[PDB]
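Protein chains in written order, with the authors' numbering: chain E, 2 to 314; chain D, 1 to 708; chain C, 380 to 631.
Ideal Cβ positions, reconstructed from N, Cα and C, are used throughout, including at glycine.
Quick notes on the structure that follows.
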Amino acid sequence: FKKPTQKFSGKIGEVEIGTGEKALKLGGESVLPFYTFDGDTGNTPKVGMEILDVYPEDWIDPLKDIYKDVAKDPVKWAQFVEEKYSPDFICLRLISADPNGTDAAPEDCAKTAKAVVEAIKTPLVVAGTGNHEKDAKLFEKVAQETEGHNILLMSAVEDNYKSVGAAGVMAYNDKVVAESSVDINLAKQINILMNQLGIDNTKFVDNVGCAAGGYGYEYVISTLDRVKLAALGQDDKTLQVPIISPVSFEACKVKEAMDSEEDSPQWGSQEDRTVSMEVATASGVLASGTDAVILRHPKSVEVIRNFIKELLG
Amino acid sequence: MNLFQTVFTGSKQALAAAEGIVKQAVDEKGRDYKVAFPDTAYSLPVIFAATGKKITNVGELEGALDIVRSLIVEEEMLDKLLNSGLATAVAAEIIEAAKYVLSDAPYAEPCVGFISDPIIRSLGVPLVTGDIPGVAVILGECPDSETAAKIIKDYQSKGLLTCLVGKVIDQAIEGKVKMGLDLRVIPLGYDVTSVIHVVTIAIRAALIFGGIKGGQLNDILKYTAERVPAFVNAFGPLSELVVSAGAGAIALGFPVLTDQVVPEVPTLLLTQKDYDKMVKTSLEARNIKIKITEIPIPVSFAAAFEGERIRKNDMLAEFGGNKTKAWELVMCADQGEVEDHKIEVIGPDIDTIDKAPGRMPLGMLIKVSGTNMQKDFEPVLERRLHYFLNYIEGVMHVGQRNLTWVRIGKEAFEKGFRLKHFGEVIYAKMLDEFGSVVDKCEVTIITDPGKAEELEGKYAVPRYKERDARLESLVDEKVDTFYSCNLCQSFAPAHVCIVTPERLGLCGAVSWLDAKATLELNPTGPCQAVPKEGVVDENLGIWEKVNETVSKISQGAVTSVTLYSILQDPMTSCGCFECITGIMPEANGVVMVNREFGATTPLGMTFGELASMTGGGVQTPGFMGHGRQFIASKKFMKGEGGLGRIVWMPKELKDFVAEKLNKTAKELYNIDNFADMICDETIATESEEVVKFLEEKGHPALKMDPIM
Amino acid sequence: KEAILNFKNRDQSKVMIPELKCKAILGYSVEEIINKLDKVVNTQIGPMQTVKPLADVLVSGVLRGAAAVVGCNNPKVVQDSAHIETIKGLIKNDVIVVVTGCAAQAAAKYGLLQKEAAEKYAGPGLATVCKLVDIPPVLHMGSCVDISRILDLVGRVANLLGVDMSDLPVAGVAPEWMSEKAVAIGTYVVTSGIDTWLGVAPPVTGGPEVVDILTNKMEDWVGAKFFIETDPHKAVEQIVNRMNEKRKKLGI
Ligand code: SF4
Ligand code: NI
Ligand code: NI
């Protein structure tokens, strides 16, 4: 037989997040994920851990047992996570600014983000709520306060793409996440809008959507496949940015993960089901072409790191 | 002294003042003394922008005078005038830099002097998002304090950041204008050279937000001209230095407005004596648009109030239908014939109603003017009217053109709804949704029985007839640009729709004019332009540019397409189509199936099996999906002979299309009643029966060349 | 019908059509020019439908002047050479050019009647004006009788500025004229107060008094005079110098 050696004319761009020796690079691959036989994968996929500013009341009991003594303080929580598990990056989700739930002024969340970012050396990803109107002001304040650390701002959706673009990349030299929803054409549109604003492909990453396994997962898989094939096979310049997928945002809120053993006695250990859901979702999206994943349970982080190490090496 | 000589004289005076103050700095501080601006990373921004050099000591400040000298070439050509304006800007910066060298704090409050980099980053985000519509650079002196206060507070109330130079700072204080960075009223200084402090804001905006390295002067000037919405209002007598500084503002693309008689340059240097119109003149000159945040109406306006039908019990007023005559029209007119935010009502209002549900004619006339507005965009906006009225609770609008059908509830009458609020809502939504192509909007509500009919006859019906004529007479030959749509790629990844005047979007809702309007109004959207280049086969419908665009958009899945043929490199289908055309070789023709037709066809497969075989963005020769309007097209199966191949069709589809199908067949080569020769499910649904009927009916498809 | 029936007598073996065609834009009547100028009029200032924007660009010095290039070909001059060289020199010197007749057709063949020509040949002021108004640097105003339009245009400008037509920085050029119509045109253009350059010497060199009248004394009568110059580059230089002289007289 003849070895299959189809070549690609495209290459995913590289985006650097963080400062110092902990700074991580995303992108650079010229082939499909883990296709070390086809060519070179520019950077290894990065795994990050998720923390909240407020106490995680809705998380499962094992996770609240893991962070029983640090979950009150975001700074202590971030320092504990960094000292114990040493992730590639930390995602600080500002859920206290969610208008539907408890509502907070952008100044308080910006102060919390600054306190967290001035206590850790690992790259920090600041994620807002789902509200675009709140997100614009929140990210303006956060980027003003957390200046000089090259943080990543998530969910710069089209409705506020200018504001998060202006307060982020342009003003305070941060990175941004252009977010679309299970569509390759919408990802192209948001990338083109960011490029026309004056923001290069080296200044933002993409979020083509994320879902838990079993809940619209095939749409995410197909979108990842399509954007990867277009960026590499077609040399589509507007899709050549790295992709970040927040897995624990959706995979940890499903019935299979969040049902206690007393709620479903036949299913078994709640912690095992949570870790299994996280690992399955992250593994699938990593295989489909994501560059960074955000995980909640440290066991999931360890399993995914070993998975990446086994596949790449 | 002409304009060029005035600017050259001003630049020389600016150079003379720069040399004198630099000499003082050398004599008092020495050439080793540090030169800097408070809290900036760009050194002296204008010199850094123009040359890329950072100036740190007094000796280099003295060496920066050569930049001013090299920028003053006294030749009466436009480029030299702009360079001389930049010479004044560099000289003004050197003067301001020497001020900080000579005196530790050269500006006393209210003047702020230099604007630090953190402030620029603070106001940079509102500049990008449009929260700051523009920068009003006001310098000089107004005839009185109240005139200055009125203009300044007019800019402030519109969200613009206004900067003040000269005696207008004192006049505004006498006029009690609240000055502050959060109040967007920044006094820079009483000297003309203080205007450089807002110039460096635009310069550093290019450096910080545009990412342009120092020394790339042309890129920086291009950036400030396109990205920074700044303009100059020069009040009071203007010296040569002021005019030369204005040439610097013009060099950055900022138009200069003044109340003085000057050698006007269109779009760049304008005289406006009327202080009551200076703000509006400047906004037009700088293309600044202010977003009306709220619609000044008492009744609630929201999208959630669409489709809430109010019954006879709730209803107060009723327009159109069989009760009376009502019409709506959106027409493009020259800017002189439209007046911005002019809402007028002709005739009685709904307040004169007897409180019983009453009938009265309603004529709605919306004149829109703009630079990018054309006649083909008139229907599109008009359709949105249907939604704009429906988002108001208490009123409902259905119908189009002279078939307008509107109901207004009694609760709207209680809350305070009148006919002027129709115009207010229409104007607000026209300027919001269609701000790209609509600059000025005038709404007129007519209630008189005579005036409504007179305006409908004069304006409405001629435009309806011309729109119908344009829709009828457009063919692929006249145009030189088709349009590609990829909206249905969310479920058909390889599907690309090519829309021509004769080939509609196969969903049935996207036309050539609709695609053009979408491309104009929504760039980077579903609809993009496809030039008609590299024609290969006009009978078949092959263009090299069309193949290139299809290959690009489909991400390489489909490489070559044919617009007019069903068997050779056909177009793909997504799944929104209502009709499917399939080939029947025994009849030497093609059969047609519709979505509502659930029974079988001569071909065998039903619509569902045909839909599964045809849709999904796969090129399947011999089958295609399309709408009801493409059937009677001149280009329908032009590559295989024409629509004479149509041999079978459901009776409902045939009855719907018969008129235009007969017209096109009469033009083709056939007797007008071509519908009767086409078989249907009533006569026969079977191979041999259909073939027998066709051959006994003299169908033209049996006399053509073999279809395959 | 006679022409169409003659197609049957075509000998296709004798046919040779060079594949050389050029896109051109024309139709610039005074009304069309005014309509184009309306774009650069601020609505809050006005007025509309006047030559005022053109008068403004001329007075401010963004445009140095306006020149009419008219006339025929003549075997005495390399065909179309003088037309093209004169037009390119004028537009390079920020002189807006209006063309009529065979000169206009030479400009059309060469490719000057294009919007793109503004960025390829025009100087900075004229390039800016062309971009702002969306016009070519060379405006085709029609046939030889349509030179009257040029007069009309100039007259309007003069009437807007309250001066005679001899006070404006305007000129006419006939680089390659041959016809008696061209002689009459140049004579009435000079008599109207517009200096005229002739690229072909008229048969007057034998009469010293006539040469002196046409090139020197005419300026005392009507404020304009003939210039005889067979070198197009020198003609462009002389036109620019004369326009600058009239600008300095007018104070602009
Ligand atoms: S079928 Fe209609 S909506 Fe779908 S891609 Fe074609 S034109 Fe767009
Ligand atoms: Ni479709
Ligand atoms: Ni479809």
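| Query | Result |
| --- | --- |
| DSSP three-state assignment for D/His397, whether helix, strand or coil | strand |
| Contacts of D/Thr129 in chain E (Cβ-Cβ under 7 Å) | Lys163, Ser164 and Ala167 |
| DSSP beta-bridge partners of D/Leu257 | D/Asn233 and D/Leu270 |
| D/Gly505 beta carbon near ligand 1 (any heavy atom closer than 6 Å) | yes |
| Distance cut-off 6 Å: D/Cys488 Cβ against heavy atoms of ligand 2 | yes |
| 7 Å Cβ cutoff, E/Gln235 in contact with chain D | yes |
| D/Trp327 to C/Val430 span [Cα, whole Å] | 40 Å |
| Within the stretch 467-526 of chain C, ranges of the alpha helix (DSSP H) (whole runs, at least 4 residues) | 480-489, 496-500 and 503-512 |
| CB contact below 7 Å: C/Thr429 versus chain D | no |
| Cβ-based neighbour list, D/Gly399, same chain, cut-off 6 Å, excluding 5 preceding and 5 following | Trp405 |
| Coil, strand or helix - C/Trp600 by DSSP | helix |
| DSSP beta-bridge partners of D/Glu442 | D/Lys342 and D/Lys367 |
| D/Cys574 beta carbon near ligand 3 (any heavy atom closer than 6 Å) | yes |
| Proximal residues, the stretch 88-99 of chain E versus chain D, C-beta separation under 8 Å | none |
| Under 7 Å between C-beta atoms of C/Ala482 and C/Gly450 | yes |
| D/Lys651 versus D/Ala665 - alpha carbon distance | 18 Å |
| D/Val177 versus D/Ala91, D/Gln156, D/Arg645 and D/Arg309, residue with shortest Cα-Cα distance | D/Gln156 |
| Neighbour-count burial assignment, D/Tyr564, 16 or more Cβ in a 10 Å radius | buried |
| D/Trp405, DSSP secondary structure in three states | strand |
| Contact the stretch 620-627 of chain D vs the stretch 407-414 of chain C: 3+ CB pairs below 8 Å | no |
| Chain D contacts made by the stretch 395-425 of chain C, where a contact means CB separation under 9 Å | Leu416, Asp417, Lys418, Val419, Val420, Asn421, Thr422, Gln423, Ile424 and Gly425 |
| Under 8 Å from the C-beta of D/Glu284: neighbouring residues of chain C | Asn421, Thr422 and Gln423 |
| The stretch 104-138 of chain D: positions lying closer than 7 Å to chain E by Cβ | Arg121, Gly124, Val125, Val128 and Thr129 |
| Segment contact, 8 Å Cβ cut-off, at least three pairs: the stretch 462-479 of chain C with the stretch 291-307 of chain D | no |
| Selection of the stretch 432-445 of chain C by Cβ proximity to chain D, strictly under 7 Å | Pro432, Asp435, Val436, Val438, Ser439, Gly440 and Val441 |
| Backbone secondary structure at E/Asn132 - three-state DSSP | coil |
| For E/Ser249 and E/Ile200, believed in contact at Cβ under 8 Å, the rounded distance | No, E/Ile200 and E/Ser249 are not in contact; Cβ-Cβ is about 27 Å, not under 8 Å. |
| D/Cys579: CB within 6 Å of a non-hydrogen atom of ligand 1 | no |
| C/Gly468 at chain D interface by Cβ criterion, 7 Å | no |
| Any C-beta of chain D under 7 Å from that of E/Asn186 | yes |
| Endpoints, beta strand (DSSP E) assigned at C/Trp576 | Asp574 to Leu577 |
| Members of the stretch 61-82 of chain D near chain C, C-beta cut-off 9 Å | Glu76, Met77, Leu78, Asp79, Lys80, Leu81 and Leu82 |
| DSSP beta-bridge partners of C/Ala382 | None; C/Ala382 has no bridge partner. |
| Straight-line gap, E/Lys112 to D/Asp104 (C-alpha atoms, nearest Å) | 34 Å |
| Chain D residues whose Cβ lies nearer than 7 Å to that of E/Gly199 | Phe209, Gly210 and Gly211 |
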